[PDB]
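These notes are about the structure you will find just below.
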Amino acid sequence: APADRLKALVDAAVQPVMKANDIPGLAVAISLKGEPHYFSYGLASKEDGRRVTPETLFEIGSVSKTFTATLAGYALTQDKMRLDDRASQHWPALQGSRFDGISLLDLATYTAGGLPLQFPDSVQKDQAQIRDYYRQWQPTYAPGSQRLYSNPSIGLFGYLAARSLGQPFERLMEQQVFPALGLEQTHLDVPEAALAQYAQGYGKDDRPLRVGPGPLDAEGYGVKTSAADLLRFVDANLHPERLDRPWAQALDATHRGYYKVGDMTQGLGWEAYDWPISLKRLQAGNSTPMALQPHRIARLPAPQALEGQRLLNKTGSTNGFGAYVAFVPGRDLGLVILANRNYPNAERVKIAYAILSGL
Ligand SMILES: *C(=O)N1C[C@H](NOS(=O)(=O)O)CC[C@H]1C(N)=O
């Protein structure tokens with residue numbers, strides 16, 4: 001039986017990785033041939049016995065950047081900004097700073113010249129502190145040359161895209177983006193009425209960990225969502241034509257590659273690979289040196305469509321959570337894996353590869 005085989009395949013991929021990484025709870029959602037399939041494992045909260053379901057809310061961390069990218073794709077379809085705009089076009093406080101010579105594309109794709117992984121601990125979630133950080137920042141190397149994965153970089157991209165639309169980022173997400181995408185279980189600021197769905201996150205010694213405030217957190221890493229809503233988002237990415245045209249175009253803008261580093265082609269939010277490709281290679285593209293070290297880019301002569309025989313993915317983590325999303329445009333296949341422990345990206349990719357190989 002097909003439901004027995006699919007359950008066996010997903011269980012075989014998930015169960016050992018959960019044990020091995022001591023993951024309390026994990027939700028899988030798969031889109032296959034136009035149909036959704038959900039597999040829920042373990043506990044959302046150990047202390048109260050609450051089980052994971054497809055409606056449990058997880059922190060997705062940097063997977064949030066794919067939503068940020070979608071907002072920016074909406075601003076672009078509306079002609080409120082262009083990728084080649086200088087960042088300081090969209091924020092007068094930045095005029096006269098080094099952001100006069102940095103494009104929005106450079107910010108979105110981590111090539112502004114060495115913006116760091118995180119804001120320094122000296123910058124708190126405070127508009128003035130953020131402003132002053134960017135005013136004073138100077139590149140380590142020429143913009144457009146080297147990829148250094150960076151929350152302040154894409155954070156500023158999303159902040160400027162929201163400025164270009166004339167409204168705060170978080171308001172635009174709640175009022176316009178999430179409703180356009182059909183997402184009612186997707187939040188930047190979880191409502192009190194939805195808190196009972198919010199899983200606990202677990203760290204060292206099972207310390208409980210839910211993400212706290214930080215500068216440009218919404219734009220970099222602040223979405224909480226369920227496996228079912230995140231799979232709805234993947235299905236919108238698999239079929240943008242099913243949305244009203246401005247939002248189809250906003251999604252398409254996230255399916256354009258600008259350069260390569262190793263096996264990976266960098267889009268807005270999404271990172272792409274040829275498919276098939278080995279597990280080792282997909283793990284290496286999602287490895288610690290990719291998150292932490294600069295890499296010289298191989299720029300494409302024109303943007304490349306991230307479609308067909310490709311896998312598009314994004315990892316994300318918070319202190320307490322570990323998420324992974326992947327889909328294969330040319331096969332109508334999508335997958336979401338959400339967990340309440342931050343466990344290594346290689347292990348997330350191991351689960352996903354086993355599932356996608358078996359589908
Ligand atoms: C993304 O979740 N954040 C940014 C950065 N990206 O790397 S990732 O998804 O390989 O995990 C480091 C992890 C994470 C964060 N802000 O800690």
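FYI the Cβ positions are ideal-geometry reconstructions off the backbone, even for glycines, and counts take in every protein chain you see. Every number here is computed from the coordinates shown, using simple stated rules; none is lab data.
Among residues of segment 293-315 that are within 16 Å of the ligand (Cβ to nearest atom), those with a beta-carbon under 8 Å from a residue that is part of a strand (DSSP E or B) and basic (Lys, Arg) at least six positions away or on a different chain give the pairs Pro294/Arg147; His295/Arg147.
Of the residues examined, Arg210 is one that is within 21 Å of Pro54 (Cβ to Cβ), of a type in the set (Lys, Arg) and surrounded by fewer than 21 Cβ atoms within 10 Å (Cβ to Cβ). If you go through segment 132-156 and keep only what is among the hydroxyl-bearing types (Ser, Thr, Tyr), assigned to a loop (DSSP other than H, G, I, E, B) and away from the ligand (no atom under 16 Å from the Cβ), you end up with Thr140, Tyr141, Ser145.
For segment 100-131, filtering for residues that are free of Cβ contacts under 8 Å to residues at least 60 places away in the same chain and either small (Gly, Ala, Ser) or assigned to a helix (DSSP H, G or I) (or both) leaves 12.
Can you tell me which residue in segment 91-123 is surrounded by the fewest Cβ atoms within 10 Å (Cβ to Cβ), limited to those that are more than 20 Å from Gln266 (Cα to Cα) and within 16 Å of the ligand (Cβ to nearest atom)? Checking each candidate, the answer is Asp121.
Every listed requirement among (1) buried (at least 18 other Cβ atoms within 10 Å of the Cβ); (2) under 23 Å from the mean Cα position of the chain (by Cα) is met by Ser88 save one, (2).
In segment 273-291, the residue that is farthest from the ligand (Cβ to nearest atom) out of those that are in a helix (DSSP H, G or I) and hydrophobic (A, V, I, L, M, F, W, C) is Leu279. Considering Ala339, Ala323, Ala346, the condition of being in contact (Cβ under 8 Å) with a residue 12 or more places away in the chain, crowded, with 23+ Cβ neighbours inside 10 Å and within 11 Å of the ligand (Cβ to nearest atom) is satisfied by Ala323 alone.
The rows are residues; the columns are (1) assigned to a helix (DSSP H, G or I); (2) more than 16 Å from the ligand (Cβ to nearest atom); (3) closer than 19 Å to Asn345 by Cβ.
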residue	(1), (2), (3)
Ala12	yes, yes, no
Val17	yes, yes, yes
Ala27	no, yes, yes
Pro36	no, yes, no
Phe58	no, no, yes
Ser64	yes, no, yes
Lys80	no, yes, no
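Regarding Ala354, is this residue part of a strand (DSSP E or B) and either buried (at least 23 other Cβ atoms within 10 Å of the Cβ) or away from the ligand (no atom under 16 Å from the Cβ) (or both)? Spelling it out, it is not the case that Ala354 is part of a strand (DSSP E or B) and either buried (at least 23 other Cβ atoms within 10 Å of the Cβ) or away from the ligand (no atom under 16 Å from the Cβ) (or both). Number of residues in segment 289-315 that are closer than 17 Å to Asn345 by Cα, more than 16 Å from the chain's Cα centre (by Cα) and not hydrophobic (A, V, I, L, M, F, W, C): the value is 2. Scanning segment 42-56 for residues that are touching a strand residue (DSSP E or B) at 6+ places or on another chain (Cβ under 6 Å) and either within 16 Å of the ligand (Cβ to nearest atom) or on the phi > 0 side of the Ramachandran plot (or both) turns up just one, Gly42. The set of residues in segment 66-78 being within 16 Å of the ligand (Cβ to nearest atom) and surrounded by fewer than 24 Cβ atoms within 10 Å (Cβ to Cβ) is empty. Within 16 Å of the ligand (Cβ to nearest atom) and either within 19 Å of the chain's Cα centre (by Cα) or more than 26 Å from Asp79 (Cα to Cα) (or both), is that true of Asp235? When the stated conditions are applied, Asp235 does not pass them. So how many residues does segment 314-332 have that are assigned to a strand (DSSP E or B) and either touching a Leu at 6+ places or on another chain (Cβ under 6 Å) or of a type in the set (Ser, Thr, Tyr) (or both)? Counting residues in segment 314-332 that are assigned to a strand (DSSP E or B) and either touching a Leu at 6+ places or on another chain (Cβ under 6 Å) or of a type in the set (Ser, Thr, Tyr) (or both) gives 7. For segment 213-223, the candidate set comprises residues that are in contact with a helix residue (DSSP H, G or I) (Cβ under 6 Å, 6 or more places away or on another chain) and part of a loop (DSSP other than H, G, I, E, B); within that set, the residue that is surrounded by the fewest Cβ atoms within 10 Å (Cβ to Cβ) is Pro215.
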